[PDB]
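Engineer: piece number one of the complex, untouched:
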Amino acid sequence: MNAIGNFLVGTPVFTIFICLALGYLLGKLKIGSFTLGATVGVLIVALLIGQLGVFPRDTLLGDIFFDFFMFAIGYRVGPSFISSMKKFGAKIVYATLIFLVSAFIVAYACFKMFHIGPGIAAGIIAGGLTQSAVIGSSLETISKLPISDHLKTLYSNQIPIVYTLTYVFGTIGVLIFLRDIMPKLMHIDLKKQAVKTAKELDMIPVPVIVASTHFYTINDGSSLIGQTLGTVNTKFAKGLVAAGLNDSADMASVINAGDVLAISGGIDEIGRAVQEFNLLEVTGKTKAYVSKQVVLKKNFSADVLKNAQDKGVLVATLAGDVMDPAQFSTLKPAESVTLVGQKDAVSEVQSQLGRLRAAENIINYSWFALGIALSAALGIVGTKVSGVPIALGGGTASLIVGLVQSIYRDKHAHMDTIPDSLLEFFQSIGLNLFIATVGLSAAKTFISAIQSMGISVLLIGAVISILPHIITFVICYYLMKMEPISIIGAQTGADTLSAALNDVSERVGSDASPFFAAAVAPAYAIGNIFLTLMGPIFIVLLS
């Protein structure tokens, strides 16, 4: 009975990664009509495990794995923010401002009416308004602010316990309220209304067809044998070209017998070409005919574009698509494009068109590390407001750093892009690891604190977690008469619920997912910054 606790305290890695394994299973368990979720399951399992031992809490591991989560969230939100700012109106920002004001007023009123101490107030804020940087910011503010030392220790110790108590209700309750109750009240379907609104706007994604090189070989005795390749290419419709016979690129090489054309262009265009003149579609074996993407120079000469069209290299954008010849003159200078053709001829046109680009798969670890370092440096800075040393915080600055990096990489393509699955791994495991560490830390005195303050730490959290959403929903839908889905988006962005974001995104469908992302993106940054700042101000005010 003691040996198991000795083993658990001896090996922290086993404890941390065994409080993270069973949590996902508990979250994926289906009980009744609600699923607990990964974070809540991890918190419950950590709370149960932590009773056995006296495990302490490591600050650096949690800080790093939370900075990774914040950077991943900022990177994912990045591209949608500027698009929502351009196209969606300011009502998205206005809803967040209303929600923040309402939460401030309700929290102040409840804390004043119940005389809640500053430590419990910080815990209730950090739990009901689901933000994790509040714990660290409040600890730093409590350390800086002048009080008795015993008061400092008590206030610093009481925060994680109240955090773990109220976090349990916040995620599940607000998820249920924003996923079922509000759609039932508005008498809409989440899929249908969002699809209709996305159809009204132009957020609906449009698929892009990419040209490819298909190796059609010649039918012998087709009566077209004996025509020069340049005239055959001019015979092809707009957007077509033949790379050349075998792996060679020669202007005047008439058809001999059964040789390959390697037609490049759009699928329907190749189809009409085949119906114009029959050809054998053969898989072929050649590694020379490969496309390449290259960033252009500032001069971005178009005469070389015409000469490459004559030469046998199809022009396409970075995504890959045939484009109008009139776009040659009015192209964007120094814009990366993709071309298909011969092994070295594409490189020749590249040398005459611009510097070589870089592949998507490779990752700039130097840029990753520099982003993390700049996030920490930005979080260092802080100002004082009437004796309150407020600071941006470590996690909050990472969101801004990721946003700026994504926006700047969208324009300037010199830097490479982080793979998609890496971001999902980052956010998921980082958030669950931070939650597991906190829950393992605050576990021994859990039962003592739930004996000391039973109902005056859960009902307050429930009220502060539910009431502002109801007020802002009523104001937005009944009085101001906004659109249906943007209300959900703005509320779930202001409350900073990534689980609710993901659940509504997966329920709504892939068609309107770039709509919901645009609805949520402007809210997240303002909500995070103001909720991070709310903590120290509340501690100072109730103190």
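Structural biologist: That came in fine, so what should we check first? Numbers count the residues shown, from 1 in each chain, chains lettered A, B, ... in the order given.

Engineer: now the strands: where do they sit in chain A?
Structural biologist: Assigned by DSSP state E, chain A shows strands spanning A:30-31, A:34-35, A:212-214, A:216-217, A:241-242, A:263-265, A:280-281, A:292-294, A:314-317, A:337-340, A:382-385, A:388-391.

Engineer: For the stretch 351-500 of chain A, which segments count as helices?
Structural biologist: For the stretch 351-500 of chain A, applying DSSP state H, counting those that start in this stretch gives helices covering A:365-380, A:394-411, A:420-441, A:446-452, A:459-474, A:484-494, A:498-508.

Engineer: if I pick residue A:267, what's in contact with it?
Structural biologist: residue A:209 (CB atoms under 8 Å, 6 or more residues apart in numbering). (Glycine included, C-beta is placed from N, CA and C.)

Engineer: do residue A:280 as well
Structural biologist: A:216, A:217, A:218, A:219.

Engineer: Between all of those residues, which two are separated the most?
Structural biologist: A:216 and A:219 (9.6 Å; CB to CB).

Engineer: Which one of the two is surrounded by more residues?
Structural biologist: Shown here are residue A:216 and residue A:219; by other CB atoms under 10 Å, residue A:216 has more neighbours (21 against 15).

Engineer: excluding its backbone neighbours, what's nearest the more buried one?
Structural biologist: Excluding its sequence neighbours, the residue lying closest to residue A:216 (CB to CB, 6 or more residues apart in numbering) is residue A:279, at 3.6 Å.

Engineer: Residue A:24 too?
Structural biologist: Spatial nearest neighbour of residue A:24, excluding adjacent residues (CB to CB, 6+ apart): residue A:38 at 5.3 Å.

Engineer: hang on, the earlier thing: of the helices of the stretch 351-500 of chain A, flag the one that's most buried.
Structural biologist: Ranked by average neighbour count under the criterion mean count of other CB atoms under 10 Å, these are headed by helix A:484-494 at a mean of 25.

Engineer: Using CSV, write out the CA atom coordinates for that one.
Structural biologist: The C-alpha coordinates for helix A:484-494 follow below in CSV (Å, rounded to 0.1, in the frame of the first residue of the first chain):
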residue,chain,number,x,y,z
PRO,A,484,-28.2,33.2,-35.5
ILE,A,485,-24.9,31.4,-35.9
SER,A,486,-22.6,34.4,-35.4
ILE,A,487,-24.0,34.7,-31.8
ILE,A,488,-22.8,31.1,-31.1
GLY,A,489,-19.5,31.9,-32.7
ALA,A,490,-18.9,35.1,-30.8
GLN,A,491,-20.0,33.6,-27.4
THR,A,492,-17.8,30.5,-27.9
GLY,A,493,-14.9,32.7,-28.9
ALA,A,494,-15.3,35.1,-25.9
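
Engineer: Please name every helix or strand in contact with that helix.
Structural biologist: helix A:91-114, helix A:182-186, helix A:190-200, helix A:459-474, helix A:498-508, helix A:513-542 (3 or more CB pairs under 8 Å, 6 or more residues apart in numbering; DSSP states H and E).

Engineer: let's bring in chain B now:
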Amino acid sequence: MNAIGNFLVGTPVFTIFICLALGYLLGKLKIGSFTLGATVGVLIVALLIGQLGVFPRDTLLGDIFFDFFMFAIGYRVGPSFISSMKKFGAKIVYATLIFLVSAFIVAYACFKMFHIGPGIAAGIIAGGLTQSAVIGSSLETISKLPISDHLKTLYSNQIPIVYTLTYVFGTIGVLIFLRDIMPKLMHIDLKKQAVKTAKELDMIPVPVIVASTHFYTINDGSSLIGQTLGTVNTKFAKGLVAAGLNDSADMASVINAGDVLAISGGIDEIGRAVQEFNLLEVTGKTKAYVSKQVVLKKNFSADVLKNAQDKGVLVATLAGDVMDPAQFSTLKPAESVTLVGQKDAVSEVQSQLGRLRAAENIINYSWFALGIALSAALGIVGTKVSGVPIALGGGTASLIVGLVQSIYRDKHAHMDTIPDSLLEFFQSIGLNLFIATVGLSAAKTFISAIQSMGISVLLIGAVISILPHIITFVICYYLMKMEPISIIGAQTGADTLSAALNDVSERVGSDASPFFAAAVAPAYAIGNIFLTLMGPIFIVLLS
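Structural biologist: Chain B added:
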């Protein structure tokens, strides 16, 4: 001058992630004809940075980020190990055994001839034989073994300093020796000889063609209008089927006008079909006609396979390819396969064929965490040999756990697969972070130790890093007369050099990369286990 040090010691995240950013740039700097590399650049930058402050070392962060690296390496090596054991001979294992014996003899002789103390001996082993778990295993062994307390502190403190000194020469020197000097001595080219040997064997990868659904629409008045769909499907050659008109699947629906066939099969087969009867290749817009992968049941009925061939569902393996009908009877029971067809008809055949499978992109975080926990638990176990409490170690057990998990997931496909870029991120950043932490730790007393022991800690490391490779190369090539490339593979696997592995793999070409991986894979596990065990034995013997 003091403020910068105060900032650096105040914020460990900034220091750790700023000693990791400049390191990659320094490694990618081109000086002369050699590149320093990421790990060596990080060590140099960490050593320069650590002079300013008094930063301590965190054990948990390094342990976790090294366990991730070891798990990623084991997962990548996994599939090749059993294939190399089956096809490559036992000479691969024999070369590693010879190398380990030679390294043991040379190290014992040098340490006895120079009376090197046990701590310096552990450091020299951990540096010259590039293995990082030696530090932790030696620290644990020194803690357990009975000596005077001052001796314990001195021996524990001297290890990282000697480690950082000799690690610099090991990677660069052995990389140069195994990449240029040995090919010059054997008078071979790394690309050509490996390609020839892979052609002699059957390690050469073979590309696989996957069938797809192409929506050919009907030419009006083609004289084939008015034939039932079943007879048209039987008219199609072996390996072809038409899903059905529009998005429907009806057996008797004659061609009306300009309707789509949605031909499915191999590209060349569709080409001969189009030449048999002309069709318009149109991109089309339909989301119903999507393929699915499903794991089969044990009964794996083949009558339903024939009925699905009649029905209009093409049969393919998980990779995706047309397969012979005679393979229907002799298929593997409960083997996952992929089918193309209608939105729900594929699900019908699935219901009659087996349980639904899972997608590639999704990751089982529960399996990841359980693997890490089992790695720690396996590393806990240990035995005693004449008073030496040897143990497997934390990092070493992770390699075995990853190997077993990859091998078991290859057979049983219920568990999902980790994405590829995640493994590369894991190994790279984890190894560089551990190296940065160690270098930042052992920096203040670096100059004092290089004043105390100048030349008697570098020449010994160079000799122990160079000489065993020369001996084993001479024995393998001149006396035993082995094959050329397997010598390089076995030596680079026995020395456990991931940088050398990656560099030779990228230089050799993608064609022979699954050959070099098979040549290196058997060596790595035995080398890691024996090099991890070598440390405590050496400490006890020289003590």
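
Engineer: Could you re-examine the contacts of residue A:280 with chain B now present?
Structural biologist: The contact partners of residue A:280, by CB atoms under 8 Å, 6 or more residues apart in numbering or on different chains, come to A:216, A:217, A:218, A:219, B:271, B:272, B:275.

Engineer: can we see that at 10 Å?
Structural biologist: By CB atoms under 10 Å, 6 or more residues apart in numbering or on different chains, the contact list for residue A:280 reads A:215-219, A:258, A:260, A:274, B:268, B:271-272, B:274-275.

Engineer: Residue A:235 too?
Structural biologist: Residue A:235 touches A:224, A:227, A:242, A:273, A:276, A:277, counting by CB under 10 Å, 6+ apart.

Engineer: and of the residues you listed, the nearest to chain B?
Structural biologist: residue A:273 (9.8 Å; CB to the nearest CB).

Engineer: Neighbours of the closest one, how many?
Structural biologist: Burial measure for residue A:273: 22 neighbouring residues, criterion other CB atoms under 10 Å in any protein chain shown.

Engineer: can you tell me which residues contact it?
Structural biologist: Counting by CB under 10 Å, 6+ apart, residue A:273 touches A:214, A:216, A:235-237, A:239-240, A:242, A:261, A:263, A:265, A:279, B:281.

Engineer: Kindly report the same for residue A:376.
Structural biologist: By CB under 10 Å, 6+ apart, the residues touching residue A:376 are A:63-64, A:67, A:394, A:397-398, A:401, B:11-18.

Engineer: how does it look with 7 Å?
Structural biologist: Shown in contact with residue A:376 (CB atoms under 7 Å, 6 or more residues apart in numbering or on different chains): A:394, B:11, B:13, B:14.

Engineer: Also residue A:43?
Structural biologist: Taking CB under 7 Å, 6+ apart, we find residue A:43 in contact with A:164, A:167, A:168, A:435, A:439.

Engineer: can you list the domains in chain A?
Structural biologist: Domains of chain A are assigned by automatic domain parsing as A:56-204+A:364-542, A:216-288.

Engineer: Out of those, indicate the one that is most buried.
Structural biologist: Of those, the one with the most neighbours on average (mean count of other CB atoms under 10 Å in any protein chain shown) is domain A:56-204+A:364-542, at a mean of 19.

Engineer: returning to that earlier point: now tabulate the contacts of residue A:273 in TSV and tack on distance to residue A:477.
Structural biologist: Formatted as TSV, these follow (distance: CB to CB, whole Å):
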residue	distance to residue A:477
A:214	54
A:216	59
A:235	62
A:236	58
A:237	54
A:239	50
A:240	54
A:242	61
A:261	61
A:263	56
A:265	51
A:279	61
B:281	50
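
Engineer: Excluding covalently adjacent residues, which one is nearest to the most centrally placed residue in chain A?
Structural biologist: Note on chain A: the residue nearest the mean C-alpha position is residue A:76, at 2.0 Å, using CA atoms, centre = their mean. If the residues on either side of it in the chain are set aside, residue A:76 comes closest to residue A:423, at 5.7 Å by CB to CB, 6 or more residues apart in numbering or on different chains.

Engineer: need the residues of the stretch 201-350 of chain A near chain B, please.
Structural biologist: By the rule CB under 7 Å from any CB of the partner chain, the part of the stretch 201-350 of chain A lying against chain B is A:209, A:267, A:268, A:270, A:271, A:275, A:278, A:280, A:281, A:282, A:283.
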